[PDB]
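First comes the structure, then the notes that go with it.
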Amino acid sequence: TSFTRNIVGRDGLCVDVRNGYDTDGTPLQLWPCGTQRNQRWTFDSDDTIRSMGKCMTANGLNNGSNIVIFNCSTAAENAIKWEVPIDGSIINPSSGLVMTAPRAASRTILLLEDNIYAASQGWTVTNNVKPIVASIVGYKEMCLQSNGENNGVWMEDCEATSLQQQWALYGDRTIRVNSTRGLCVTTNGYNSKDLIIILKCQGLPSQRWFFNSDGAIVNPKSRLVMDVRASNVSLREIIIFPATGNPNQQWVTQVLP
Ligand SMILES: *[C@@H]1O[C@H](CO)[C@@H](O[C@@H]2O[C@H](CO)[C@@H](O)[C@H](O)[C@H]2NC(C)=O)[C@H](O[C@@H]2O[C@@H](C)[C@@H](O)[C@@H](O)[C@@H]2O)[C@H]1NC(C)=O
Ligand SMILES: *[C@@H]1O[C@H](CO)[C@@H](O[C@@H]2O[C@H](CO)[C@@H](O)[C@H](O)[C@H]2NC(C)=O)[C@H](O[C@@H]2O[C@@H](C)[C@@H](O)[C@@H](O)[C@@H]2O)[C@H]1NC(C)=O
Ligand SMILES: *[C@@H]1O[C@H](CO)[C@@H](O[C@@H]2O[C@H](CO)[C@@H](O)[C@H](O)[C@H]2NC(C)=O)[C@H](O)[C@H]1NC(C)=O
Ligand SMILES: *[C@@H]1O[C@H](CO)[C@@H](O)[C@H](O)[C@H]1NC(C)=O
Ligand SMILES: CO[C@H]1O[C@H](CO)[C@H](O)[C@H](O)[C@H]1O
Ligand SMILES: CO[C@H]1O[C@H](CO)[C@H](O)[C@H](O)[C@H]1O
């Protein structure tokens with residue numbers, strides 16, 4: 001009933017108890033991923049998340065409150081209970097606030113903030129601390145492809161050698177250009193028919209994505225899903241659109257060698 005993993009988030013860095021110190025109150029931060037004990041988090045049935053025998057704890061339950069390690073039996077019960085929604089948030093149920101990395105840099109301190117479904121609020125509980133590299137196959141068994149910064153993504157015939165068909169699926173729930181990992185698949189707005197492009201990763205809600213059980217790729221803020229516009233691949237436009245279950249909204253990842 002307990003199991004232990006790393007927690008990967010913004011820019012692929014991991015949740016780390018600062019300096020590897022275990023004294024009560026030590027803040028959680030981002031740090032490059034590794035096997036050190038202060039990056040190993042044990043998820044217990046009681047909804048606690050523990051490292052070095054102590055609990056992930058809200059040091060306060062307000063917008064901007066720090067998250068720290070603290071003795072599990074002395075901390076407040078409301079402050080040590082967490083849930084892990086399927087869209088990759090880490091939420092403190094009492095406050096409704098979510099774990100947020102406000103900057104990408106190593107040593108950024110993790111805070112509880114209002115949920116805006118930002119990529120800075122996406123996390124992946126996993127033992128694989130490297131991004132998973134895959135082609136994204138969709139409508140007509142075509143592949144989603146990059147075409148440079150500030151340019152639309154679109155469908156092309158899948159080719160094992162096309163580097164612009166290769167995507168790094170990061171722990172912060174961003175979908176990145178594998179060969180240029182500072183660039184993220186981004187919706188150019190939150191309205192139906194807004195275009196999906198590549199832009200510099202900035203931790204925004206427009207850059208957060210979820211692969212759901214219906215084969216959809218969902219943008220949690222807008223609720224809308226990637227869609228090959230009008231089921232017409234020669235338009236070379238992928239948009240966000242309400243989920244219909246239709247073939248032009250169905251996707252699957254295929255891991256690359
Ligand atoms: C919760 O904390 C967030 C981080 O401090 C607030 O967002 C930040 O607000 C700053 C102004 O106080 C602003 O300069 C920052 O750009 C912004 N950061 C980001 C990335 O959102 C947030 O404030 C709300 O949202 C911002 C964008 C403004 O519209 C504010 O007027 C809002 O109050 C805080 N949320 C709440 C509800 O207090
Ligand atoms: C969390 O705080 C608890 C209460 O202060 C610690 O338990 C206490 O540890 C004292 C010093 O080690 C010990 O003499 C006390 O009898 C005990 N108090 C209670 C109410 O159990 C606890 O330490 C852990 O649990 C105790 C019982 C021993 O097994 C320690 O060696 C454990 O570390 C604190 N937990 C942690 C992880 O620090
Ligand atoms: C995706 O991009 C990554 C990062 O550039 C590539 O990984 C590098 O691969 C080279 C050659 O195998 C190694 O020297 C490095 O160790 C890798 N870097 C990292 C950070 O992992 C990768 O080859 C690309 N393509 C695929 C399919 O993964
Ligand atoms: C698909 O888009 C192309 C290119 O814009 C257009 O010429 C073509 O007629 C479209 N096909 C349909 C069925 O609309
Ligand atoms: C020098 O490494 C130590 O400090 C850094 C930075 O604080 C991290 O906490 C890391 O996990 C810990 O081993
Ligand atoms: C009439 O709907 C068709 O076009 C819209 C865009 O106009 C969406 O792409 C939708 O999924 C597709 O079925």
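Residue numbering restarts at 1 for every chain of the structure tokens, chains are lettered A, B, ... in their displayed order, and ligands are numbered from 1 as they appear.
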Residues flagged strand (DSSP E or B) by DSSP in segment 56-136 of chain A, as a PyMOL selection string: chain A and resi 56-59+65-70+83+91+98-100+109+111-113+124-126+132-136
Write out, as an mmCIF file, in the first residue's frame, the residues just selected, with N, CA, C and O atoms.
```cif
data_model
loop_
_atom_site.group_PDB
_atom_site.id
_atom_site.type_symbol
_atom_site.label_atom_id
_atom_site.label_comp_id
_atom_site.auth_asym_id
_atom_site.auth_seq_id
_atom_site.Cartn_x
_atom_site.Cartn_y
_atom_site.Cartn_z
ATOM 1 N N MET A 56 5.574 15.714 2.961
ATOM 2 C CA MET A 56 5.290 16.932 2.160
ATOM 3 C C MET A 56 4.161 17.690 2.869
ATOM 4 O O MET A 56 3.109 17.135 3.164
ATOM 5 N N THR A 57 4.403 18.950 3.199
ATOM 6 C CA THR A 57 3.518 19.729 4.085
ATOM 7 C C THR A 57 3.305 21.150 3.591
ATOM 8 O O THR A 57 4.276 21.851 3.262
ATOM 9 N N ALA A 58 2.040 21.588 3.533
ATOM 10 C CA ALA A 58 1.725 23.000 3.244
ATOM 11 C C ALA A 58 2.074 23.830 4.472
ATOM 12 O O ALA A 58 1.484 23.614 5.521
ATOM 13 N N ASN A 59 3.001 24.790 4.315
ATOM 14 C CA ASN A 59 3.439 25.618 5.491
ATOM 15 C C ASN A 59 2.560 26.810 5.386
ATOM 16 O O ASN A 59 2.997 27.870 4.973
ATOM 17 N N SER A 65 1.743 30.222 -0.363
ATOM 18 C CA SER A 65 2.293 29.472 0.776
ATOM 19 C C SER A 65 3.353 28.474 0.329
ATOM 20 O O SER A 65 3.243 27.862 -0.738
ATOM 21 N N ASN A 66 4.417 28.369 1.107
ATOM 22 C CA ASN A 66 5.500 27.420 0.844
ATOM 23 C C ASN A 66 5.102 25.960 1.133
ATOM 24 O O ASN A 66 4.295 25.672 2.029
ATOM 25 N N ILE A 67 5.710 25.051 0.377
ATOM 26 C CA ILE A 67 5.578 23.621 0.668
ATOM 27 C C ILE A 67 6.963 23.170 1.209
ATOM 28 O O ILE A 67 8.018 23.519 0.606
ATOM 29 N N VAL A 68 6.935 22.402 2.301
ATOM 30 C CA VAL A 68 8.132 22.017 3.042
ATOM 31 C C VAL A 68 8.055 20.557 3.406
ATOM 32 O O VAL A 68 7.007 19.911 3.164
ATOM 33 N N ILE A 69 9.125 20.023 3.990
ATOM 34 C CA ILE A 69 9.060 18.724 4.679
ATOM 35 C C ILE A 69 8.793 18.975 6.156
ATOM 36 O O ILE A 69 9.279 19.990 6.722
ATOM 37 N N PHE A 70 8.028 18.097 6.785
ATOM 38 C CA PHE A 70 7.707 18.277 8.220
ATOM 39 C C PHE A 70 7.338 16.926 8.775
ATOM 40 O O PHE A 70 6.693 16.106 8.068
ATOM 41 N N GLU A 83 -3.603 15.002 -3.187
ATOM 42 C CA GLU A 83 -4.109 14.107 -4.234
ATOM 43 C C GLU A 83 -3.420 14.365 -5.546
ATOM 44 O O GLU A 83 -2.839 15.461 -5.718
ATOM 45 N N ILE A 91 -2.504 18.464 -5.736
ATOM 46 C CA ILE A 91 -3.391 19.372 -5.059
ATOM 47 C C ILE A 91 -3.437 19.071 -3.573
ATOM 48 O O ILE A 91 -3.384 17.886 -3.166
ATOM 49 N N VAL A 98 -2.678 24.299 -5.623
ATOM 50 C CA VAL A 98 -1.874 23.251 -6.260
ATOM 51 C C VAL A 98 -0.371 23.600 -6.259
ATOM 52 O O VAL A 98 0.027 24.811 -6.296
ATOM 53 N N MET A 99 0.452 22.545 -6.280
ATOM 54 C CA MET A 99 1.899 22.688 -6.326
ATOM 55 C C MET A 99 2.299 23.482 -7.604
ATOM 56 O O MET A 99 1.809 23.193 -8.735
ATOM 57 N N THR A 100 3.132 24.524 -7.421
ATOM 58 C CA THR A 100 3.522 25.365 -8.577
ATOM 59 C C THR A 100 5.008 25.653 -8.529
ATOM 60 O O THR A 100 5.534 25.930 -7.411
ATOM 61 N N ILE A 109 11.846 27.577 -5.485
ATOM 62 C CA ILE A 109 11.077 27.062 -4.370
ATOM 63 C C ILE A 109 9.635 26.824 -4.782
ATOM 64 O O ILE A 109 9.015 27.663 -5.427
ATOM 65 N N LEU A 111 5.616 26.394 -4.431
ATOM 66 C CA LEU A 111 4.585 27.096 -3.663
ATOM 67 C C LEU A 111 3.231 26.497 -3.968
ATOM 68 O O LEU A 111 3.049 25.905 -5.060
ATOM 69 N N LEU A 112 2.310 26.670 -3.048
ATOM 70 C CA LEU A 112 0.880 26.429 -3.324
ATOM 71 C C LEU A 112 0.276 27.673 -3.933
ATOM 72 O O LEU A 112 0.353 28.731 -3.326
ATOM 73 N N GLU A 113 -0.353 27.555 -5.101
ATOM 74 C CA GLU A 113 -1.007 28.728 -5.680
ATOM 75 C C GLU A 113 -2.335 28.325 -6.286
ATOM 76 O O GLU A 113 -2.638 27.098 -6.501
ATOM 77 N N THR A 124 4.706 14.726 -12.945
ATOM 78 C CA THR A 124 4.597 13.316 -13.290
ATOM 79 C C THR A 124 5.288 12.498 -12.228
ATOM 80 O O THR A 124 6.488 12.701 -11.937
ATOM 81 N N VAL A 125 4.534 11.556 -11.636
ATOM 82 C CA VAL A 125 5.063 10.671 -10.602
ATOM 83 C C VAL A 125 5.604 9.441 -11.320
ATOM 84 O O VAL A 125 4.831 8.680 -11.939
ATOM 85 N N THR A 126 6.924 9.236 -11.272
ATOM 86 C CA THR A 126 7.530 8.220 -12.124
ATOM 87 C C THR A 126 8.943 7.875 -11.663
ATOM 88 O O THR A 126 9.586 8.720 -10.994
ATOM 89 N N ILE A 132 9.932 11.118 -22.155
ATOM 90 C CA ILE A 132 9.707 9.996 -23.070
ATOM 91 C C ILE A 132 9.608 10.567 -24.490
ATOM 92 O O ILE A 132 8.840 11.521 -24.742
ATOM 93 N N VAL A 133 10.383 9.977 -25.402
ATOM 94 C CA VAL A 133 10.495 10.465 -26.792
ATOM 95 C C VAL A 133 9.681 9.578 -27.738
ATOM 96 O O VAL A 133 9.896 8.354 -27.799
ATOM 97 N N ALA A 134 8.735 10.202 -28.460
ATOM 98 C CA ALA A 134 7.719 9.459 -29.188
ATOM 99 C C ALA A 134 7.235 10.234 -30.422
ATOM 100 O O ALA A 134 7.269 11.489 -30.437
ATOM 101 N N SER A 135 6.736 9.512 -31.425
ATOM 102 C CA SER A 135 5.922 10.137 -32.459
ATOM 103 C C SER A 135 4.461 10.156 -31.995
ATOM 104 O O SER A 135 4.006 9.275 -31.232
ATOM 105 N N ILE A 136 3.729 11.176 -32.434
ATOM 106 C CA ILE A 136 2.330 11.310 -32.069
ATOM 107 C C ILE A 136 1.556 11.045 -33.344
ATOM 108 O O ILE A 136 1.624 11.838 -34.315
#
```
Within 9 Å of ligand 6, counting only C-alpha atoms and all ligand atoms, residues as a PyMOL selection string: chain A and resi 192-193+227-232+238-249
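For ligand 5, the set of protein, DNA and RNA residues within 9 Å, based on only C-alpha atoms and all ligand atoms, reads residues 16, 17, 18, 19, 20, 21, 28, 29, 30, 31, 32, 33, 34, 35, 36, 37, 38, 39, 106 and 107 of chain A.
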Restricting it to N, CA and C atoms, dump the selection as a PDB file, in the first residue's frame.
```pdb
ATOM      1  N   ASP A  16      12.587  18.271  -4.914  1.00  0.00           N
ATOM      2  CA  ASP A  16      13.806  17.933  -4.145  1.00  0.00           C
ATOM      3  C   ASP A  16      13.769  18.677  -2.841  1.00  0.00           C
ATOM      4  N   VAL A  17      14.025  17.984  -1.728  1.00  0.00           N
ATOM      5  CA  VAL A  17      14.060  18.665  -0.418  1.00  0.00           C
ATOM      6  C   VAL A  17      15.400  19.409  -0.292  1.00  0.00           C
ATOM      7  N   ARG A  18      15.324  20.746  -0.136  1.00  0.00           N
ATOM      8  CA  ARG A  18      16.491  21.612  -0.383  1.00  0.00           C
ATOM      9  C   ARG A  18      17.730  21.207   0.459  1.00  0.00           C
ATOM     10  N   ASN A  19      18.884  21.099  -0.208  1.00  0.00           N
ATOM     11  CA  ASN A  19      20.171  20.702   0.419  1.00  0.00           C
ATOM     12  C   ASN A  19      20.236  19.245   0.896  1.00  0.00           C
ATOM     13  N   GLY A  20      19.162  18.496   0.682  1.00  0.00           N
ATOM     14  CA  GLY A  20      18.986  17.169   1.313  1.00  0.00           C
ATOM     15  C   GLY A  20      18.847  17.198   2.827  1.00  0.00           C
ATOM     16  N   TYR A  21      18.552  18.386   3.408  1.00  0.00           N
ATOM     17  CA  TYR A  21      18.325  18.506   4.845  1.00  0.00           C
ATOM     18  C   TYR A  21      16.944  17.945   5.191  1.00  0.00           C
ATOM     19  N   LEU A  28      10.722  22.640  -0.329  1.00  0.00           N
ATOM     20  CA  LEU A  28      10.887  21.836  -1.530  1.00  0.00           C
ATOM     21  C   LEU A  28      11.269  22.771  -2.672  1.00  0.00           C
ATOM     22  N   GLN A  29      12.089  22.272  -3.595  1.00  0.00           N
ATOM     23  CA  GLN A  29      12.584  23.093  -4.701  1.00  0.00           C
ATOM     24  C   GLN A  29      12.663  22.219  -5.951  1.00  0.00           C
ATOM     25  N   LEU A  30      12.947  22.839  -7.097  1.00  0.00           N
ATOM     26  CA  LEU A  30      13.367  22.072  -8.276  1.00  0.00           C
ATOM     27  C   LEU A  30      14.880  21.834  -8.268  1.00  0.00           C
ATOM     28  N   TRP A  31      15.295  20.646  -8.711  1.00  0.00           N
ATOM     29  CA  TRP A  31      16.713  20.327  -8.854  1.00  0.00           C
ATOM     30  C   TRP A  31      16.822  19.226  -9.926  1.00  0.00           C
ATOM     31  N   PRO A  32      17.924  19.195 -10.701  1.00  0.00           N
ATOM     32  CA  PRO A  32      18.040  18.136 -11.690  1.00  0.00           C
ATOM     33  C   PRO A  32      17.833  16.729 -11.057  1.00  0.00           C
ATOM     34  N   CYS A  33      17.156  15.865 -11.805  1.00  0.00           N
ATOM     35  CA  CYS A  33      16.674  14.600 -11.239  1.00  0.00           C
ATOM     36  C   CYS A  33      17.831  13.656 -10.927  1.00  0.00           C
ATOM     37  N   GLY A  34      17.676  12.934  -9.826  1.00  0.00           N
ATOM     38  CA  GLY A  34      18.649  11.882  -9.451  1.00  0.00           C
ATOM     39  C   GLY A  34      18.022  10.930  -8.452  1.00  0.00           C
ATOM     40  N   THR A  35      18.849  10.005  -7.954  1.00  0.00           N
ATOM     41  CA  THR A  35      18.407   8.923  -7.087  1.00  0.00           C
ATOM     42  C   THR A  35      18.522   9.278  -5.583  1.00  0.00           C
ATOM     43  N   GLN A  36      18.992  10.500  -5.266  1.00  0.00           N
ATOM     44  CA  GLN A  36      19.196  10.875  -3.846  1.00  0.00           C
ATOM     45  C   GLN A  36      17.909  10.763  -3.060  1.00  0.00           C
ATOM     46  N   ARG A  37      17.982  10.415  -1.779  1.00  0.00           N
ATOM     47  CA  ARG A  37      16.794  10.149  -0.975  1.00  0.00           C
ATOM     48  C   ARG A  37      15.827  11.306  -0.838  1.00  0.00           C
ATOM     49  N   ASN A  38      16.368  12.526  -0.929  1.00  0.00           N
ATOM     50  CA  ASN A  38      15.542  13.739  -0.809  1.00  0.00           C
ATOM     51  C   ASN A  38      14.777  14.040  -2.140  1.00  0.00           C
ATOM     52  N   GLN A  39      14.940  13.153  -3.144  1.00  0.00           N
ATOM     53  CA  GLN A  39      14.097  13.169  -4.374  1.00  0.00           C
ATOM     54  C   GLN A  39      13.180  11.922  -4.457  1.00  0.00           C
ATOM     55  N   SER A 106      16.858  25.797 -11.606  1.00  0.00           N
ATOM     56  CA  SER A 106      17.200  25.010 -10.419  1.00  0.00           C
ATOM     57  C   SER A 106      17.190  25.920  -9.183  1.00  0.00           C
ATOM     58  N   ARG A 107      16.782  25.343  -8.054  1.00  0.00           N
ATOM     59  CA  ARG A 107      16.619  26.041  -6.768  1.00  0.00           C
ATOM     60  C   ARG A 107      15.369  26.928  -6.646  1.00  0.00           C
TER      61      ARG A 107
END
```
Length of the atom CA of residue 92 of chain A to atom CA of residue 61 of chain A vector [Å]: 8.5 Å
Nearest to residue 158 of chain A, chosen from A:256, A:84, A:7, A:204, with only C-alpha atoms counted in the distances: A:256
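Here atom 2 (O, counted along the ligand's line) of ligand 3 is placed at a distance of 18.4 Å from atom CA of residue 153 of chain A.
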Close residues, residue 209 of chain A itself excluded, 12 Å, only C-alpha atoms, min 5 positions apart in chain, as a PyMOL selection string: chain A and resi 86-89+117-123+169-176+184-187+196+203-204+216-226+240
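Minimum atom-to-atom distances from A:24, A:149, A:114, A:77 to residue 201 of chain A were compared using only C-alpha atoms, and the lowest value belongs to A:149.
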According to DSSP computed on the backbone, where in segment 126-248 of chain A is there helix (DSSP H, G or I)? Give the residues as a PDB file with C-alpha atoms, in the first residue's frame.
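Generated output (states28.pdb):
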```pdb
ATOM      1  CA  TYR A 139      -5.784  11.182 -38.216  1.00  0.00           C
ATOM      2  CA  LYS A 140      -5.206   8.911 -41.290  1.00  0.00           C
ATOM      3  CA  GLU A 141      -2.281   7.314 -39.389  1.00  0.00           C
ATOM      4  CA  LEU A 163      13.322  14.685 -36.409  1.00  0.00           C
ATOM      5  CA  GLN A 164      10.466  17.244 -36.504  1.00  0.00           C
ATOM      6  CA  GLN A 165       8.061  14.312 -35.859  1.00  0.00           C
ATOM      7  CA  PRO A 205      -1.721  27.151 -19.390  1.00  0.00           C
ATOM      8  CA  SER A 206      -1.582  27.247 -23.224  1.00  0.00           C
ATOM      9  CA  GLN A 207       1.403  24.799 -23.062  1.00  0.00           C
ATOM     10  CA  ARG A 229      -9.101  21.094 -38.725  1.00  0.00           C
ATOM     11  CA  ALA A 230     -12.099  19.941 -40.805  1.00  0.00           C
ATOM     12  CA  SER A 231     -10.553  16.481 -41.102  1.00  0.00           C
ATOM     13  CA  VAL A 233      -4.779  17.349 -43.612  1.00  0.00           C
ATOM     14  CA  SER A 234      -3.930  19.614 -46.589  1.00  0.00           C
ATOM     15  CA  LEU A 235      -5.103  22.670 -44.628  1.00  0.00           C
ATOM     16  CA  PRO A 247     -11.063  10.211 -36.007  1.00  0.00           C
ATOM     17  CA  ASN A 248      -9.561  13.732 -36.487  1.00  0.00           C
TER      18      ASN A 248
END
```
Cut-off 12 Å, only C-alpha atoms and all ligand atoms, neighbours of ligand 2 as a ChimeraX atom specification: /A:22-24,50-55,69-75
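Separating atom 10 (C, counted along the ligand's line) of ligand 1 from atom CA of residue 190 of chain A is a distance of 20.6 Å.
Distance check against ligand 4 using only C-alpha atoms and all ligand atoms: of A:194, A:46, A:157, A:237, the minimum falls on A:237.
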